[PDB]
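For reference, data06.txt (compact mmCIF, C-alpha atoms):
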```
# COMPACT_ATOMS: atom_id res chain seq x y z
CA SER A 24 123.91 62.49 139.86
CA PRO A 25 121.50 65.45 139.43
CA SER A 26 118.48 65.39 137.08
CA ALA A 27 118.11 67.74 134.08
CA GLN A 28 115.61 69.74 136.10
CA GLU A 29 118.07 70.06 139.01
CA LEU A 30 120.78 71.25 136.64
CA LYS A 31 118.49 73.83 135.13
CA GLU A 32 117.59 75.05 138.61
CA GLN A 33 121.28 75.17 139.59
CA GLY A 34 122.10 77.15 136.46
CA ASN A 35 119.29 79.56 137.35
CA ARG A 36 120.82 80.10 140.80
CA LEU A 37 124.27 80.72 139.29
CA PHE A 38 122.60 83.21 136.94
CA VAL A 39 121.10 85.10 139.88
CA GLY A 40 124.62 85.02 141.32
CA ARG A 41 126.01 86.61 138.16
CA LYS A 42 128.21 83.55 137.60
CA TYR A 43 127.52 83.36 133.88
CA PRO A 44 130.16 80.93 132.61
CA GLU A 45 129.24 78.59 135.51
CA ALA A 46 125.52 78.96 134.76
CA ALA A 47 126.08 78.29 131.06
CA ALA A 48 128.01 75.10 131.90
CA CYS A 49 125.12 73.91 134.08
CA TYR A 50 122.65 74.46 131.23
CA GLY A 51 125.06 72.46 129.08
CA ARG A 52 124.77 69.56 131.56
CA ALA A 53 120.98 69.93 131.43
CA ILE A 54 121.13 69.75 127.64
CA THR A 55 123.23 66.57 127.89
CA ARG A 56 120.54 64.95 130.01
CA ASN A 57 117.67 66.09 127.77
CA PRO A 58 118.64 67.99 124.59
CA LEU A 59 115.02 68.43 123.49
CA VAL A 60 114.11 71.28 125.86
CA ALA A 61 114.16 74.72 124.20
CA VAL A 62 114.41 76.61 127.50
CA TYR A 63 117.84 75.15 128.31
CA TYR A 64 119.15 76.71 125.11
CA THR A 65 117.50 80.12 125.55
CA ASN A 66 118.73 80.23 129.14
CA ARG A 67 122.27 79.43 127.94
CA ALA A 68 121.99 82.02 125.18
CA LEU A 69 121.27 84.71 127.78
CA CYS A 70 124.41 83.62 129.65
CA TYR A 71 126.42 83.84 126.44
CA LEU A 72 125.07 87.35 125.82
CA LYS A 73 126.23 88.35 129.32
CA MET A 74 129.64 86.83 128.48
CA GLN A 75 129.85 88.93 125.30
CA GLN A 76 129.69 85.86 123.09
CA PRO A 77 126.77 86.67 120.76
CA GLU A 78 127.86 84.06 118.18
CA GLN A 79 127.58 81.31 120.78
CA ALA A 80 124.28 82.79 121.94
CA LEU A 81 123.00 82.90 118.34
CA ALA A 82 123.71 79.21 117.78
CA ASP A 83 121.73 78.36 120.94
CA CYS A 84 118.84 80.54 119.80
CA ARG A 85 118.84 78.55 116.55
CA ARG A 86 118.76 75.29 118.47
CA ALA A 87 115.85 76.54 120.54
CA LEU A 88 113.90 77.62 117.46
CA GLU A 89 114.27 74.15 115.88
CA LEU A 90 112.59 72.74 119.00
CA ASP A 91 110.04 75.51 119.59
CA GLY A 92 109.32 77.77 116.59
CA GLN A 93 107.00 79.93 118.70
CA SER A 94 109.53 80.78 121.42
CA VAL A 95 109.26 84.49 122.29
CA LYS A 96 112.56 84.48 124.16
CA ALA A 97 114.45 82.68 121.40
CA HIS A 98 113.40 85.39 118.93
CA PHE A 99 114.15 88.18 121.42
CA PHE A 100 117.63 86.86 122.33
CA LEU A 101 118.35 86.17 118.63
CA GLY A 102 117.48 89.81 117.93
CA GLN A 103 119.88 90.85 120.68
CA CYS A 104 122.66 88.72 119.14
CA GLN A 105 122.11 90.23 115.70
CA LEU A 106 122.17 93.72 117.19
CA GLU A 107 125.54 92.99 118.72
CA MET A 108 126.79 91.62 115.42
CA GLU A 109 125.50 94.70 113.55
CA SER A 110 122.90 92.79 111.57
CA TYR A 111 120.34 95.53 112.26
CA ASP A 112 117.58 94.66 109.77
CA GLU A 113 117.46 91.04 110.97
CA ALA A 114 117.63 92.19 114.61
CA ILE A 115 114.63 94.46 114.22
CA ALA A 116 112.68 91.70 112.44
CA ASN A 117 113.39 89.26 115.25
CA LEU A 118 112.40 91.76 117.94
CA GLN A 119 109.19 92.61 116.07
CA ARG A 120 108.52 88.87 115.80
CA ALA A 121 109.07 88.50 119.55
CA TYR A 122 106.55 91.35 120.03
CA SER A 123 103.97 89.67 117.75
CA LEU A 124 104.42 86.26 119.36
CA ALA A 125 104.18 87.66 122.90
CA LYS A 126 100.89 89.30 121.84
CA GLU A 127 99.56 86.16 120.14
CA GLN A 128 100.47 84.20 123.28
CA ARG A 129 98.92 86.81 125.45
CA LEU A 130 102.13 87.22 127.42
CA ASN A 131 103.01 90.38 129.23
CA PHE A 132 106.58 91.66 129.45
CA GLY A 133 105.59 95.23 130.10
CA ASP A 134 107.56 97.62 127.88
CA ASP A 135 110.62 95.38 127.54
CA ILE A 136 110.13 94.44 123.90
CA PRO A 137 109.09 97.87 122.57
CA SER A 138 112.06 99.33 124.50
CA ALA A 139 114.40 96.82 122.84
CA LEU A 140 112.91 97.66 119.42
CA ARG A 141 113.54 101.36 120.02
CA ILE A 142 117.12 100.65 120.99
CA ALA A 143 117.56 98.52 117.83
CA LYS A 144 116.09 101.12 115.47
CA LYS A 145 118.21 103.86 117.04
CA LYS A 146 121.29 101.76 116.77
CA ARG A 147 120.44 101.12 113.12
CA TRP A 148 119.99 104.81 112.40
CA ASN A 149 123.18 105.70 114.27
CA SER A 150 125.06 103.20 112.08
CA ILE A 151 123.81 105.03 109.00
CA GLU A 152 124.94 108.39 110.45
CA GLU A 153 128.32 106.88 111.32
CA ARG A 154 128.86 106.21 107.61
CA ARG A 155 128.18 109.65 106.13
CA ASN B 459 107.35 89.26 133.79
CA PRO B 460 110.75 90.69 132.65
CA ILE B 461 112.00 89.35 129.33
CA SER B 462 115.75 89.25 129.84
CA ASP B 463 115.73 86.58 132.42
CA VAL B 464 116.10 82.87 132.63
CA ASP B 465 113.20 80.41 132.71
```

C-alpha cells encoding of this file:
Amino acid sequence: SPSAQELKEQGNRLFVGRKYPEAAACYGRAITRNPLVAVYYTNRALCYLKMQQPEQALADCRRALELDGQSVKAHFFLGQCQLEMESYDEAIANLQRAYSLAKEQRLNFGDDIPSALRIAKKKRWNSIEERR
Amino acid sequence: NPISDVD
C-alpha cells in the first residue's frame, strides 16, 4: 500500500523510462489517494501529450487549474493541447499566460516558453497559408 | 529548469 507521494515518485520514474501509459496510471493512483494536488494532474497531462491524447491532457489541465489558478505548467500544457487540436488563438493566449505567470513567479525556464510561443505563432500562420 | 517535465 504505497502513499500518494510514493505513487507520484513512481510515476516520475516511469516517465524518465518513457513508459507513459504506465506513468499516467500511477498518477491516477496518486489522484485517487489525494485528488486535491494540482501537480498530479499536470504530470498526467504531460503523459497524455506524449501518448498523443491531447483531449485527455486538456481535461487534466482543467482539473489542475481549478485547484491552482496560478499554475505555470497547467497553462503551458493546456496551450500545447490546444495547439494539437488546432485552437491556435487559445493556444497562444495560454502560452503567453504561462510566460507572464513564470515571470510574476520569478521562475526561470530559460527559452522554453518563448520557443513554444514561436512554434505556436508559426503554426497559426502556416494554417492560414494552408487555406489560401 | 526545463518546462516540459514532470514535477

For chain A, work out the contacting residues on chain B at 6 Å, counting all atoms listed in the file, and write them as a PDB file with C-alpha atoms, keeping the file's coordinate frame.
```
ATOM      1  CA  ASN B 459     107.350  89.260 133.790  1.00  0.00           C
ATOM      2  CA  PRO B 460     110.750  90.690 132.650  1.00  0.00           C
ATOM      3  CA  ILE B 461     112.000  89.350 129.330  1.00  0.00           C
ATOM      4  CA  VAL B 464     116.100  82.870 132.630  1.00  0.00           C
TER       5      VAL B 464
END
```

Item to complete: Considering all atoms listed in the file, return as a PyMOL selection string whatever protein or nucleic-acid residues lie within 12 Å of residue 113 in chain A, sequence-local ones (same chain, fewer than 6 positions apart) excluded.
Response: chain A and resi 98-99+101-107+119-120+140+143-144+147

Discussion item. Taking only C-alpha atoms into account, name the residue in A:89, A:26, A:125, A:139 that is nearest to residue 462 in chain B.
Written reply: A:139

Worksheet item: With distances taken over only C-alpha atoms, which of A:108, A:73, A:121, A:59 is nearest to residue 463 in chain B?
Response: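 Looking at the shortest contact to residue 463 in chain B, the residue is A:73.
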
Worksheet item: Between A:28, A:79, A:150, A:92, which one has atoms that come closest to residue 465 in chain B, using all atoms listed in the file?
Response: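 For residue 465 in chain B, the nearest of the candidates is A:28.
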
Worksheet item: Using all atoms listed in the file, which of A:47, A:118, A:42, A:112 sits nearest residue 80 in chain A?
Response: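 Smallest distance to residue 80 in chain A is found for A:47.
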
Discussion item. Just to confirm, what's the straight-line distance from CA of residue 44 in chain A to CA of residue 74 in chain A in Å (one decimal)?
Written reply: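 Here the two named atoms are 7.2 Å from each other.
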
Item to complete: Work out how far apart CA of residue 71 in chain A and CA of residue 151 in chain A are and give it in Å to one decimal.
Response: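 About the pair CA of residue 71 in chain A and CA of residue 151 in chain A: they are 27.6 Å apart.
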
Practice prompt. Figure out the distance between CA of residue 93 in chain A and CA of residue 52 in chain A, please, to one decimal in Å.
Written response: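 Computing it gives 24.3 Å between the two atoms.
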